[PDB]
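Notes to accompany the following structure.
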Amino acid sequence: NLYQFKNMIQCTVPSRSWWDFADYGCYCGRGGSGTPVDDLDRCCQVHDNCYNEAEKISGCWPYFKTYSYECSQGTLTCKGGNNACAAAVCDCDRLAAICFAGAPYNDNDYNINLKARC
Ligand SMILES: [Ca+2]
Ligand SMILES: [Ca+2]
């Protein structure tokens, strides 16, 4: 569920306010298309793709379905016992939260002119 994803980003990118990822590049935030603007945007692109794949599981609604996970220090894990939809959504969220921590965040890529730049 979105709340859990938020908590994962809060946990993997402590130095950046969690809400900074909501409207970044061509893919971070509601929807997305075009060529990713940088590595962070590519992380979002793959996350978007990941959710699309999870949605193929009947009745699997990524923003809603809750899953079991833990985030402590140097660990972010999806726990067992998650059903197929929760396991797929947790992995998409875990891997994106991690990927976000590997990419430079460029303030020039926040809230861009989508028509011109994507
Ligand atoms: Ca998106
Ligand atoms: Ca925007």
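Throughout, read-outs are computed from the coordinates displayed, never taken from laboratory work. Cβ sites come from the backbone with ideal geometry, for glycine too, and all protein chains shown count toward neighbours.
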Run the dipole for the chain about the Cα centre, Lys and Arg Cβ at +1, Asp and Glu Cβ at -1, nothing else charged, and hand back the magnitude in debye, nearest 20.
240 debye
Excluding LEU76 itself, what net charge comes from residues whose Cβ is under 15 Å from its Cβ, given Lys and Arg +1 and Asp and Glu -1?
0
Over the chain, what per residue volume does the convex hull of the Cα atoms give, in whole Å³?
90 Å³
Need the full-extension length gain, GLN73 to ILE98, defined as separation in residues times 0.36 nm minus the C-alpha distance. One decimal, nm.
7.7 nm
Sequence neighbours fewer than 8 away in the same chain don't count; with that in mind, list the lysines whose C-alpha is under 24 Å from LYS6.
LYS56, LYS65, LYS79
